[PDB]
Amino acid sequence: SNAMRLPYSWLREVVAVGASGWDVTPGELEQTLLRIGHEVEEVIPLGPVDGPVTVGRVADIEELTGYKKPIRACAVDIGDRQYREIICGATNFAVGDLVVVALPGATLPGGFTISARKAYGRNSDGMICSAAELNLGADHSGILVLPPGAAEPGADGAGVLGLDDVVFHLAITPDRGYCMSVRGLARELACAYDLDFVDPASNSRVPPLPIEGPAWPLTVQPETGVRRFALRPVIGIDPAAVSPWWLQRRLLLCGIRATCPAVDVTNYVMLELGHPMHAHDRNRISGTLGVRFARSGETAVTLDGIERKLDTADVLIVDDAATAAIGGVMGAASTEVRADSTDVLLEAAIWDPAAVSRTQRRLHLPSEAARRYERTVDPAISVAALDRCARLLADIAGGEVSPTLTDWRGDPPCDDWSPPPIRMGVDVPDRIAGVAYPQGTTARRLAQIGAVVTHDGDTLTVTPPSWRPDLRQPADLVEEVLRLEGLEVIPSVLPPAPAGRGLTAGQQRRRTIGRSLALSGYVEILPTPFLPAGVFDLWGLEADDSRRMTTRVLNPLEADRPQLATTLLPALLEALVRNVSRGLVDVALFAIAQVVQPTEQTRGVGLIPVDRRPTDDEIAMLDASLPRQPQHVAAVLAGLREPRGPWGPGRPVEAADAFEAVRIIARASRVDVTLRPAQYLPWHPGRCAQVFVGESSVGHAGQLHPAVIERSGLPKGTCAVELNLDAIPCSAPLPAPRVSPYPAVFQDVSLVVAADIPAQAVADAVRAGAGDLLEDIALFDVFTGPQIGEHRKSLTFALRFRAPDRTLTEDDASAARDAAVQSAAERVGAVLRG
Amino acid sequence: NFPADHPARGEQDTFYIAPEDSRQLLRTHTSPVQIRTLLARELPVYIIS
Amino acid sequence: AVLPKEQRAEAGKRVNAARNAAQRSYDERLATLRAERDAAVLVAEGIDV
RNA sequence: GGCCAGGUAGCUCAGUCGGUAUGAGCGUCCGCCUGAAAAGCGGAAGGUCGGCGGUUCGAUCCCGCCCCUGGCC
Ligand SMILES: [Mg+2]
Ligand SMILES: [Mg+2]
Ligand SMILES: [Mg+2]
């Protein structure tokens with residue numbers, strides 16, 4: 001879209017007008033372009049060839065028959081008294097055409113040695129070359145046919161084709177539309193090398209043609225944003241005429257195919273000056289040419305034979321019969337130049353950049369003209385580019401330029417396209433660059449790029465040229481001085497940053513959670529925000545599940561994955577499947593990223609004027625229109641949790657491993673969490689815990705549902721955990737332990753409870769009854785023998801009692817144990833074992 | 001300073017949030033975070049996103 | 001496949017109706033056994049979380 | 001955007017323009033074997049041939065639309 005291809009010979013030619021003898025190596029030219037801000041995507045040298053590669057004329061053709069595809073035994077005149085008999089398989093040439101012949105002993109790019117061959121029962125004393133085989137172009141369906149008069153038979157092929165040239169592929173930034181031509185790039189090189197520039201669009205290079213009257217009746221609606229519209233006829237062109245080889249070659253090297261002299265000239269001048277041109281068959285124009293907007297539902301068939309559905313924002317060129325062109329994009333087939341066109345009306349117009357951009361994007365037409373208008377075309381060279389086209393076409397097509405000219409320049413007519421002047425201090429570029437440039441550096445560089453600078457003491461008044469609409473503010477001028485003086489002269493000094501506060505508590509906690517999970521055996525992945533197709537249908541989630549309320553992307557890379565992630569599990573499970581499916585069956589993955597949980601339908605906020613600061617209410621409105629995006633931590637486990645070794649066969653992943661992942665995240669966050677049984681898909685309802693911080697729910701953990709595992713292709717027993725880190729408050733505890741020097745008392749209590757009673761509820765009841773003497777409690781036995789009873793279990797806890805100021809007796813600890821026993825009997829219905 | 005209907009913004013292909021013309025998208029850069037910092041914090045600002 | 005061409009239409013129509021009845025009985029039985037599994041997963045595999 | 005090429009087992013890929021993909025290599029499982037393994041030998045399981053419809057007694061195969069990669073401009 002921003003590509004600009006041009007040969008170095010053409011680029012050197014324009015620079016050399018004002019700098020005779022200027023010539024640089026392609027390596028130095030590449031560095032200079034990069035140093036001033038022009039990215040060189042590729043440097044493609046033509047050829048090279050060696051040996052007998054000459055121009056020939058096909059004098060006779062013999063159609064060798066009897067084979068699958070037609071073969072031609074050709075007699076080629078290479079400029080001597082002995083015609084060479086060459087076999088060829090191409091069919092895009094006739095007797096009398098000029099071709100490029102590689103004779104035996106020649107070398108073609110790359111390393112292809114040419115010699116006499118015995119093909120199709122004949123003797124091939126050479127080879128007729130194609131554009132691709134000569135490294136001149138990409139055409140390979142046929143051989144290269146030079147236009148008549150390009151060269152005589154026997155001329156050096158490398159010289160006629162200009163294989164010593166070098167093609168430069170540039171990527172022009174959208175702020176330098178003036179560089180999408182040989183004119184602008186030559187001006188840039190003239191600035192970089194401090195040379196005198198002769199503008200190829202000036203009146204000296206393009207002397208104006210006569211203006212004796214109107215060329216065609218024109219009605220322009222100014223609401224379409226057109227700044228200029230010029231018309232000049234060229235009558236009496238020869239339909240049999242063809243563009244000379246020097247013109248077709250420069251078009252080919254610039255990436256444009258030659259068709260007819262009328263169109264070839266318009267493309268050539270567009271590449272030379274930067275003003276897109278179009279040739280209309282004047283004999284097919286019916287009445288007054290009108291420039292207006294397209295009406296609703298109006299259609300137009302462009303010159304490629306495709307019907308275009310137009311919009312009311314599209315600028316059209318119409319007559320009394322039909323639409324003549326899509327303003328600034330592509331002409332129509334009605335007034336298109338054909339093989340029998342004798343009278344041509346040339347169009348030179350300056351369209352609105354924004355209107356052309358919207359039209360060419362809606363119709364998917366990034367033409368050579370469109371991608372130049374949307375980057376602003378110099379409105380001052382329209383007649384210059386027009387006269388350049390007329391005089392060139394009349395010379396090569398044997399036509400005659402009409403002395404008539406229509407030049408609509410607005411209402412009222414604009415005779416000066418100068419942008420508004422800019423006031424800037426003379427030392428402003430010095431301050432931004434941190435360099436003390438020599439005296440007059442800012443004024444000299446701004447005058448090189450075509451601006452007029454006047455001095456008012458210490459303040460400069462700069463008026464940029466018409467081809468530089470990117471220069472509106474003093475900062476735009478600063479870039480011009482800094483880039484032409486070279487950014488390498490800017491020194492390296494460290495800024496005076498104030499004392500900072502470092503990482504926030506949330507940023508610090510995110511590191512600690514990542515370290516703890518990694519040191520515990522989990523492998524971090526980068527979760528993709530795009531959800532897999534129908535993953536919630538695989539999970540069996542209800543239609544009203546909050547996780548289904550997703551945010552969808554209009555243009556995703558995969559159309560079946562438009563929704564954004566409300567949970568981190570689908571990305572982890574997809575990464576889990578990748579590892580397991582590739583031989584890594586024992587894996588524990590984790591991720592820390594945000595989710596997208598909207599609270600309403602996608603509602604946007606209008607454009608706030610950027611000329612001021614948005615008010616605090618407008619900032620709060622922009623935040624309320626965005627979906628909630630909290631930080632989540634999640635993990636998935638499958639296979640062996642502990643690997644096998646000399647200790648034993650290892651331990652497969654169980655739900656407790658996911659529960660332990662919760663306590664690892666909790667300890668890393670320095671918060672206390674509680675786990676409670678919950679039924680929450682996609683987890684196993686009997687092996688799923690809901691994690692709470694105090695009384696706020698922060699996530700779930702456990703083993704996944706066996707049905708979800710089957711439908712998702714997951715390993716059996718797969719476990720998962722997901723927590724909302726934003727729902728976990730950042731804690732900064734300040735403990736003050738009192739280490740008691742007195743001995744402890746060790747006792748064990750065995751309590752029998754119902755099977756559904758959580759072991760933590762019993763421990764919490766024991767602590768609540770034991771009091772402050774209880775220093776530690778730990779479960780170490782869960783017995784479900786037949787002497788316990790059906791649906792009942794026995795729990796044995798190790799108790800450690802210690803007083804802070806005395807030595808306890810066994811009765812003192814037993815009194816605390818008995819009080820703990822009564823508390824368990826009252827809260828969880830525990831019965832003392834016995 | 002992205003101009004609308006311009007190659008400096010139109011060519012910047014962005015994951016836009018459905019439906020069309022919602023003025024909501026997936027960020028192509030963390031520069032909007034730099035905009036929020038200038039609106040929220042006092043000068044001078046030395047921030048990394 | 002090895003049957004004569006004149007007999008593939010009649011015999012093939014009776015083969016499909018037979019295997020569709022077996023496939024029909026299998027699909028609903030698969031759903032019934034999966035429903036019983038989903039109904040008997042909470043209690044038969046419950047743990048102390 | 002047209003015309004081709006493709007999406008096939010857990011992985012990497014063959015192969016079929018109508019009734020069995022007598023699929024390969026590796027991966028999974030069983031036996032002989034070992035204290036337990038692997039290799040070796042002997043064997044099995046697993047694909048609804050990209051998705052949704054259509055034609056047909058019957059579609060990986062033919063038709064339409066759509067999704068995803070490659071070639072091509
Ligand atoms: Mg600039
Ligand atoms: Mg595969
Ligand atoms: Mg074995």
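Labels below follow one simple rule: chain letters A, B, ... track the order of the sequence lines, proteins then strands, and each chain is numbered from 1.
When all heavy atoms of A:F93 and A:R72 are compared, the pair lying nearest together is O-NH1, 2.5 Å. Counting all heavy atoms, side chain and backbone alike, A:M4 lies closest to A:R372 at SD-NH2, 3.6 Å.
Both conditions of the stacking definition, centres under 5.5 Å apart and planes under 30° apart, are satisfied by the base rings of D:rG27 and D:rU28. Judged on ring centres (limit 5.5 Å) and ring planes (limit 30°), D:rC41 and D:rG42 form a stacked step.
Within the shown strands, D:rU28 is the pairing partner of D:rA44 under the Watson-Crick or G-U definition, both distances less than 3.5 Å. As the counterpart of D:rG70, D:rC4 is assigned, both hydrogen-bonding distances of the Watson-Crick or G-U wobble pattern falling under 3.5 Å. Pairing for D:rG64 is with D:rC52, a Watson-Crick or G-U wobble pair whose two hydrogen-bonding atom distances lie under 3.5 Å. Nucleotide D:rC57 has D:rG19 as its partner under the Watson-Crick or G-U criteria, with both atom distances under 3.5 Å. With a cut-off of 3.5 Å on both Watson-Crick or G-U wobble distances, the partner of D:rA9 is given as none.
One atom, CG of A:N579, and another, P of D:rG10, lie 17 Å apart when rounded to the nearest Å. As a whole-Å value, the separation of A:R644 CZ from D:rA37 P is 10 Å. For the pair A:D560 CG and D:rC68 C1', the interatomic distance rounds to 7 Å; values are reported in whole Å. Taking atom CD on C:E10 and atom P on D:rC57, their separation rounds to 13 Å, with Å as the unit.
Here C:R19 does not reach the OP1 or OP2 of D:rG58: none of its side-chain N or O atoms lies under 4.0 Å away.
Backbone-only engagement by A:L557 is indicated by non-hydrogen atom pairs under 4.0 Å involving sugar-phosphate atoms exclusively. Within the nucleic acid shown, C:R8 comes within 4.0 Å of at least one base atom, counting heavy atoms only.
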